[PDB]
Every structure is written in structure tokens, then in C-alpha cells.
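Residue numbers (our numbering), protein chains in the order written: chain A, 1 to 16; chain B, 1 to 16.
Yeah, the Cβ is synthetic: ideal placement off N, Cα and C, and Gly gets one too.
There are 2 protein chains.
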Amino acid sequence: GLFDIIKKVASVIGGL
Amino acid sequence: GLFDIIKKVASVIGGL
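1) Hey, does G15 of chain B have any beta-carbon neighbour from chain A nearer than 8 Å?
2) Answer yes or no: do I5 of chain A and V12 of chain B have a C-beta to C-beta separation smaller than 8 Å?
3) If you run the structure through DSSP and keep just helix, strand and coil, what is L16 of chain B?
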């Protein structure tokens with residue numbers, strides 16, 4: 001779902 | 001870590 005996409009993007013940003 | 005970030009970015013692209 002879109003929300004699973006946003007959650008993954010959030011994790012990526014958290015890992016920068 | 002890095003590898004998780006790479007997989008998450010890949011998953012997002014794949015899912016868009």
C-alpha cells in the first residue's frame with residue numbers, strides 16, 4: 001500500500 | 001544499515 005511505501009521511505013531517511 | 005537502506009529504496013521503486 002502507499003502507506004507501506006511512505007513507511008519505508010521514512011526508514012531510509014532515518015538511516016541517512 | 002546500508003544494506004537495509006538499499007533494499008528499502010529498491011522496494012519503494014519496485015512498488016511505485
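Reading off the structure:
1) yes
2) yes
3) coil
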